[PDB]
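As a basis for the values below, the full set of heavy atoms in this structure was taken, side chains included, without hydrogen atoms, waters or symmetry mates. Chain letters run A, B, ... following the sequence lines, proteins first and then strands; every chain starts at 1.
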Amino acid sequence: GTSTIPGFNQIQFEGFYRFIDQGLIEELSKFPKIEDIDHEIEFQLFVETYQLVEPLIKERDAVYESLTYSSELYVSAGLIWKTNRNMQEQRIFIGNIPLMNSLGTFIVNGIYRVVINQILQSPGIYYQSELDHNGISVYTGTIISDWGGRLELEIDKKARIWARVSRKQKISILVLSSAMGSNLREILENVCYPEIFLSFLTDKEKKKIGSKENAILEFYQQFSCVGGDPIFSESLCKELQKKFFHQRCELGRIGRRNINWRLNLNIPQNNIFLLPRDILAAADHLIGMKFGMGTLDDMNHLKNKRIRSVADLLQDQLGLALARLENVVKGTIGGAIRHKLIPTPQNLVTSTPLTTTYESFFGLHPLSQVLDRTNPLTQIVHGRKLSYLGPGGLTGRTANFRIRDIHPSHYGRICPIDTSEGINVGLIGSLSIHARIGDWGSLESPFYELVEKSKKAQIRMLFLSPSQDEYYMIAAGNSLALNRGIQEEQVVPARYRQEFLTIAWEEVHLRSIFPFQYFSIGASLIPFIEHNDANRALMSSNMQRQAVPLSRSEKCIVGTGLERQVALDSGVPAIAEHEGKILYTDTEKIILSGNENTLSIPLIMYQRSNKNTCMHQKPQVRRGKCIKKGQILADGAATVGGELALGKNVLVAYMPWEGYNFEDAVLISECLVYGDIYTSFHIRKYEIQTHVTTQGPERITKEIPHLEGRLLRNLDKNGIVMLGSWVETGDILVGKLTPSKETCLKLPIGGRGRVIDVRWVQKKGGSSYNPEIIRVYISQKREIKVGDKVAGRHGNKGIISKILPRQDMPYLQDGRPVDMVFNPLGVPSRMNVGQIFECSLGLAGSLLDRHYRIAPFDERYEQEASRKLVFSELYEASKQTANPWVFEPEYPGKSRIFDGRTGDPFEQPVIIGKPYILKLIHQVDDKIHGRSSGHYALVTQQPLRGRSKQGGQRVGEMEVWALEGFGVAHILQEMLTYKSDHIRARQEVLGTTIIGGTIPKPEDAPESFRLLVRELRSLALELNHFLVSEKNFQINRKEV
Amino acid sequence: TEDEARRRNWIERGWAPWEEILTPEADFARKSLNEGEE
Amino acid sequence: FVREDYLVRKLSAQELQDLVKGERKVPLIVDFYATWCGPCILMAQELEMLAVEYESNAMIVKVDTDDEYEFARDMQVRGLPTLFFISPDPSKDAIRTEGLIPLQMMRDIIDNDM
Amino acid sequence: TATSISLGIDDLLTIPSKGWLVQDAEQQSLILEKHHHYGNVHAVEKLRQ
RNA sequence: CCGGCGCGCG
């Protein structure tokens, strides 16, 4: 990535390859040579013989029939029978290792999965100081190991150092130092203040310090807080070593690196353990820093972080996989020994440990997520996320408020705009376009080096880690400035030590020259982004991820030039793997032949995503065309000519129109409807499973009792809906009988469409019955409608509220009616001026037959660079096409338009143009819900929750407050008793309303109060409701 | 104390009170900041 | 398993001498280029396309002038990009083309002159 | 609707004297940085200004 | 028809 934008999946690609090379070998080691208690039978692995074989199932087959794309592991083992003194070595089977796709995603059970990166505090020593209740400064040094073990060194009020381990367990330094054997004599000499340590030496501690073992026992007493005197034993040290030394004393390669720096130590790199000198050296700075010597450690600095890729997550699970295998073998070797048998090495090892722990890692781990396949943009941005959450990371409630903020070390590594919305704001990041993961878990970005005359400097592009980022003067300006002096004395803005300066060019070390350096993919697809407020940039990035691929796609007139990068790295288009010539093309395949190698590339035709969006590919080449390796062969969904195409170019005006664009409503024309401009295909999947019950297995048949032939009209003989049938709401999909009650699969509400794919498949198993699975895929052609959501690339979103005939829309001076009308009041409050630039230039490009791919921040060349570009291109289109309304000298970009209802011009000129508008997933037909009555919960007896469950709407406490504010005491009682949970009164309301005979008061308690009474009874508490008559003062006990 | 520290600086660290020839601006900055801010 | 991305091979002066001396059945196209030359990128892409077109019916090679500067000067190279079309028949004479000539011009030269 | 207020690029009106005032502030910031480099003002005086 | 985890919308 020194001279080009790197592949967006290159971090996933390189991480997985690192795991294959070094992760397997480094983890196949550490596998103990398993020996029995008697030492008779020794089982061991020959790690140098490890191998992986290519998967037997093809990657298309793995997802087609719900399998996992993985490869076999076939290491060899040697079992030693010292009874016979004979060796047997066989190629045993260890498990299956999942394989990453070239796109960077795994397949488990036929589900695409993505492993996202995690951010957590880097190992080393960290210095912090926190005020106490009285404001007295208290300094602290904290050791962080390779597994998150924190060893806190604290200075108390009496200057006594305590090696705090938990919230209560407190241990002095001298006991801890003498626990490992640091004699009390040498502790004093190696520090500048021997007096401080000696002042805290009570006569009780000195005796325990004098001998190595007494310090260990006292250290155990203070660490464990267990009454009594422990006995020194080998097991006690091992028990302590696993709990304390194994988790709090192994720094690792990274942990040693930082400690050598922060504590200024010349210790060899190979020492991956916390040397005892470091603790004593740390105490020197800790006490020394109290007297103004040094600076505190910045915990939010990126130089104190690490990034864990798929390489670290897959290797760690292999650490659990093989540790899970040894426990399997130990039980297996002990079992076979008790039978005095000779077991073959294959039978001592089963494939369950590796296969299951990887099967359950993608299923359950939060950092393993389902790939979002809404559009090509979502496929690539999902894999580039950085999260502080996950195991070992802070939770949203746990997260500090100083975190979630932008740190100066993020520049070029973490996008300052892209973040999640909600409680997880500032905790889910996103990598920049040019960001790279280094060899220490640190993020790097490339900078251009400016050096003196006498220097070779073969490559001047060097990637900079955040630790060395501060100590360089990095400029972002240009050298287009000259006065009567020389160029080196001209001043430019620069960054140095986490601040912004203004210094001369001769003092600049590095330059930031890449245009997309500081942004993620989402923010890098916004043209004229420098004219939009950064608040809307975050919203705009999210909306582009919700765009629906349209049945027909077209390229944007105005773009940034990153659309071609997105298309290439998404895998949606077909990319040649071999040079040659095109010989045959059609819908189902493309045939390419080159260098005596003839290949056949199939094309995806109307496939379904995880978000119910259609996938489809069309050829982009013709027969007889020469192709280079890596050039495009076909276009996929939301891709035209090798570019990302998420929307359409439509004629647009910015004016208020009779309140139908009030707030954020959008007025559109019928041309967008009958022209199929925003028509999208949506495919749902309906699955039914056959289970074996006590009465017998479920049966599938066309003959279903108590059903009409009209409902079953689309079924075949087997009992499944026919391929290519127009189903309806309530129609039958799979007829199934459970012994026999009808348990068939019916089409839900609003699911009417055309059946396009049926999959009657049996999962072969070891039982006498195999689970049968049926998958029905139904396509739905959705044209744009009132209530649909459209948005532009500048955070300008809106709901369609009105559709007009073309003769009613306002029209231009060439007579063409516009397609959309936007409210002009949405610009000043939202402060996104870049949409005004894009619409004017989109109009110019359509008349000039031009497309524009403009890199952001074009004002680095000159002032008002975007204005000069748009105005000059508007005038060129006006002059060439003889359309004087396209560029108006009086008011450039605006023109007088006419009312389609009266033919009279609107008084003020209107900004018109041809912007790029997207259609989003959030639309009606997926949000309209209604309920009369129906199914209730089993315990609370309240109506269910959810549109899919035909549930009701919740009247929460804030809604109850409003009803109490109005004083509507009878509306409130309805929503509390006989519309929610009063079982007796719900059935009477259903009866009276059908006869219209007045509803009486419930007067009894609802099932939610009776539920509470029983629970209070379970705590030996009785809650009785009494009514005292105002007539005769008789106490009446209410039934509850 | 601030009589033996100066002697130690002179002897061990080469300190000497060399004359600083100042511009009017630097002289004014030294003479005026000894009184206060504004 | 992975095909190479580039079909045009880079040769030394000695290797090119041996190639020209030896028996040749297909036309030989020699490219002189330098990585610091801006026009040589487009010529490189055009020659990759040409090599794709002529699978085994032509031989496309390239010589870097930063490694064979004296050899390029001997061969009467006055600038970059420069192409030499060498016919398989030793009796015929080679053709030197200077500039970013079109791909169709290369095809015409190869078809009707080599 | 009848008036049809809109919003163009040249409707966003900067006051005529911005360029005069930005240049004045740039000239004062250039002078102080030279004299801060001369040691005639200290860092806080430059940071405040 | 039960709870956790992850992702989203207003």
Hits for salt bridge (charged side-chain N to carboxylate O under 4.0 Å, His left out) against A/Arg536, two or more places apart or cross-chain, chain-then-number order -> none
Applying salt bridge (charged side-chain N to carboxylate O under 4.0 Å, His left out) to A/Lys919 and not counting sequence neighbours gives none
Sorted by chain and residue number, the side chain to side chain contact (heavy atoms under 4.5 Å, CB included) partners of A/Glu59 (sequence neighbours excluded) come out as A/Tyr69, A/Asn101, A/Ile107
Which atom pairs, one a donor and one an acceptor, fall under 3.5 Å between side chains of residues 825-832 of chain A and the rest of the protein, sequence neighbours left out?
residue: A/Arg830; atom: NH1; partner: A/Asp664; partner atom: OD1; Å: 2.9
residue: A/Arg830; atom: NH2; partner: A/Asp664; partner atom: OD2; Å: 3.2
residue: A/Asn832; atom: ND2; partner: A/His794; partner atom: O; Å: 2.9

If you look only at distance, which donor and acceptor atoms sit under 3.5 Å apart when one is on a side chain in residues 944-955 of chain A and the other is two or more places apart or in another chain?
residue: A/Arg947; atom: NE; partner: A/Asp926; partner atom: O; Å: 3.3
residue: A/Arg947; atom: NH1; partner: A/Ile928; partner atom: O; Å: 2.4
residue: A/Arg947; atom: NH2; partner: A/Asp925; partner atom: O; Å: 3.3

At a 4.0 Å cut-off to heavy atoms of chain A, the contacted part of RNA chain E spans E/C1 to E/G10
Salt bridge (charged side-chain N to carboxylate O under 4.0 Å, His left out) filter on A/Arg404, not counting sequence neighbours, yields none
Taken in chain and number order and not counting sequence neighbours, the residues that satisfy salt bridge (charged side-chain N to carboxylate O under 4.0 Å, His left out) with A/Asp312 are none
Numerically ordered, the residues 930-951 of chain A set in heavy-atom contact under 4.0 Å with RNA chain E is A/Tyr936, A/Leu938, A/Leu944
Any base atoms under 4.0 Å from A/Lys611, or only sugar-phosphate, or nothing? Heavy atoms, all strands.
nothing
### Query
With a cut-off of 6.0 Å (strictly less than), are more than 12 heavy atoms of other residues, nucleotides or ligands near CD1 of A/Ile983?
yes
**Asked** Using a cut-off of 4.0 Å on non-hydrogen atoms, how would the nucleic acid contact of A/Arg545 be classed: base, sugar-phosphate, or nothing?
**Response** sugar-phosphate
